[PDB]
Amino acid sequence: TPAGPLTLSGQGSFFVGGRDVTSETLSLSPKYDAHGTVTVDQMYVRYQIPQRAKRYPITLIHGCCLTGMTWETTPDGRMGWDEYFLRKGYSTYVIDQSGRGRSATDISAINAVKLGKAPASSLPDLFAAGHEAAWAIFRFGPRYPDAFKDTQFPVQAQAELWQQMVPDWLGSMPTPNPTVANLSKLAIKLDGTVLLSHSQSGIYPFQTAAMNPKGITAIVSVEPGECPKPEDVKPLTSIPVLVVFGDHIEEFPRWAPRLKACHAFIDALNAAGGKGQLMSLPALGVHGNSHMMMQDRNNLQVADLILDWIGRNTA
């Protein structure tokens, strides 16, 4: 944990993309006009630039049920990857996905239903993760609230983890998510960035690269919900890819086939003349990591492994 002060050459915030929508259900009060134009699908980006920044920034992309908070102070109060990457001399761009956190949703259809201007079927598909289900999906232990004896997650700060979990609007937006096109715009503007994503967003950087490879220096995908199909690897052959998996995988039916499918993806990518690696942490002698490995007690060691791979693959 590099202690002491942190010096920033630059910092700021901006949005990427967005579309203007005409609505007639913005308000339910006669005090406000229900007719107007709003901007939706834009992506919030917060950036920090260290002194003597390395050539390529890292863009950090959270998964479901969470925001860019994912990468900030861990639930138990320790340094997160955002601060760590900065201290290691990488410029960092931390997003909130379209329709999440500080990135605006459209509430038009909800108010439409409440006003009678649309049927209940127009209501968006929404999801929030309960503590009990999250426990098992995160692989903290076999069932809530029992932890694996060797878990790296600070389970004593479980209440704080729950504080950072939010409703997810993914199901009410297209596939690919508008985040995908926004990530292409960001990478082009930056003229080269490493895209580092997680879980729900694990597939995003591959989808972005398939849309337009420009500006995508490398991909790091942490325990993705899905990897690209073996037959889809051709457009990816020029971009170094790292897929990272933690521990206690085989005991979970949700996770075991994903690791298997990701191995198949990496193998096919490499067979096609590409450059992929499946980093399994237990195979490297690093044990106990949860799905929330960026927040685990050895999160900086996990960061080092990833950063070493980035350094060797962006030279």
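For every residue, the number given is its place in the sequence shown, counted from 1.
The question of which stretch, 22-30 or 62-70, has the higher mean Cα B factor is settled in favour of 22-30. Per the PDB record, of the two stretches 269-277 and 53-61, 269-277 carries the greater mean B-factor over its C-alpha atoms.
Out of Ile95, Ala118, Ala159, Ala133, the entry records its largest CA B-factor for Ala118. Within the group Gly80, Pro224, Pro235, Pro178, the record's highest C-alpha temperature factor is found at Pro235. Among all modelled residues in this chain, the alpha-carbon of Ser122 has a temperature factor (C-alpha) in the highest third. For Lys229, the recorded CA temperature factor ranks within the highest third of the chain's modelled residues. In this PDB entry, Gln200 carries a Cα temperature factor that places it within the lowest third of its chain's modelled residues. In this PDB entry, the Cα temperature factor of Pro253 sits in the top third of its chain's modelled residues, the highest group. In this PDB entry, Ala109 carries a Cα temperature factor that places it within the lowest third of its chain's modelled residues.
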